[PDB]
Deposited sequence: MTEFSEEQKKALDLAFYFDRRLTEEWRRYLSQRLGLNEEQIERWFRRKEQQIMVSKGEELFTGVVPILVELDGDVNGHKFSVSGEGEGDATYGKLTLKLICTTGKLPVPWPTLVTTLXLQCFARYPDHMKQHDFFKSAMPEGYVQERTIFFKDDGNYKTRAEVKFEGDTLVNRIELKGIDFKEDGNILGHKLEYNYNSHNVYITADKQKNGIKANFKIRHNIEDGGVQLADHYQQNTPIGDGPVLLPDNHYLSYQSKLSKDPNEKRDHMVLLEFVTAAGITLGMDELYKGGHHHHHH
C-alpha cells in the first residue's frame, strides 16, 4: 500500500542489505562448489520454478470446492450473486451454480460469465511453468477488469481469488455505468448461450503478475453479436515467487444451463479451460 518518507528511506537502505546478504551466500557457494554466480542463479531459478510447479499441482489435485460471491451495481441497479461448485484442474474443468440472492438479475446472466477462476485451467506438461494462477495460491491474486460493451456501457470489476481454508473463493465487486436502459444489456436482449473464446495472456513483470486481453461475443436475440471487449490484470496478494509466463492463451468453452428445480433467478455454468499457444 502506501509508504511514509521514513519507510521510504528505511526500505531504500534495507534493499541494499537484502542484496548484500544474498551476495555473501552466493560468493561463498561459488568458492565451495566451483561454479560462477551466473551458474548458481540459473540453477536456483530453475529449482524455484520446479518448486512452484509442484506446489500448484499439490494444491489443485483432485476436486476443489468453490465459493463465489458478487456484489454488483449497474446504472444504480443493485444486485448480489452467490455461487458454489467445484473445480478439477487435472481435467481443466469448472462447474458452478450461481444464484441471484436479491431477486431478478438486472443484467443478462451471460454478461457475468467472465466475471464469475482461471486457476482451474489445465496446463499441458510442457507449459506448466507458465501457470501464474496456481502459483499465486493459496494467498491468491486480485483480478481486475474493465469490460466495454460495444455501443453501450462498461463493467469495472475487482475480484479476490484465493483459498479460504479448503475452499477456493472468488469474491467480486462490480460497477457498471452508462448503459442504455433499452440496450442489449439492461433490455435483456442476449441469448442464454455462450461461444468459445481464447484469452490471450502476457506477463506483467512490473506488477509481478499478468495481463490479458480478449473479445467476448454474446449472441443477440433475433440475430447479431454483442461485443464485450475485456481488459484484465492479475496481481498476487502475497509476496512469494510466482510464475511469470511467456505469451500464451487459455482456450475456453462454456455451457450455460438451468436447474429445473430452482425457483430463484440463476445460472448453471460449466467451463472447460486449457492452456495453449506454446509449441
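Where C-alpha coordinates are absent, the deposited sequence of this PDB chain has the segments 1, 118, 282-297.
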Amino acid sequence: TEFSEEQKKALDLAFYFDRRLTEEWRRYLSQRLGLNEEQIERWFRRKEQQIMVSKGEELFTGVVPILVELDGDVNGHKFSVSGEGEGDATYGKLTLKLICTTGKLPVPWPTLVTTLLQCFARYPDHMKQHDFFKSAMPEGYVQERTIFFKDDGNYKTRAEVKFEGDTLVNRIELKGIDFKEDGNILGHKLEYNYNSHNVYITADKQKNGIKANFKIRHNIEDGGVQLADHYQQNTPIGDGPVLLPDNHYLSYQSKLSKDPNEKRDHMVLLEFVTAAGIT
From here on, numbers count along this sequence of modelled residues.
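According to the PDB record, 176-184 carries the higher mean C-alpha B-factor of the two stretches 201-209 and 176-184. Once the C-alpha B-factors are averaged per stretch, 64-72 and 247-255 rank with 64-72 first. Out of 59, 40, 228, 220, it is 59 whose C-alpha atom has the highest B-factor in the PDB entry. When all modelled residues of the chain are sorted by CA temperature factor, residue 278 is found within the highest third. For residue 146, the recorded CA B-factor ranks within the middle third of the chain. Only modelled residues enter the ranking. Per-chain ranking of the deposited C-alpha B factor places residue 34 in the highest third. Among the modelled residues of its chain, residue 224 has a C-alpha B-factor that falls in the lowest third according to the deposited record. The PDB entry assigns residue 140 a C-alpha temperature factor belonging to the lowest third of its chain's modelled residues.
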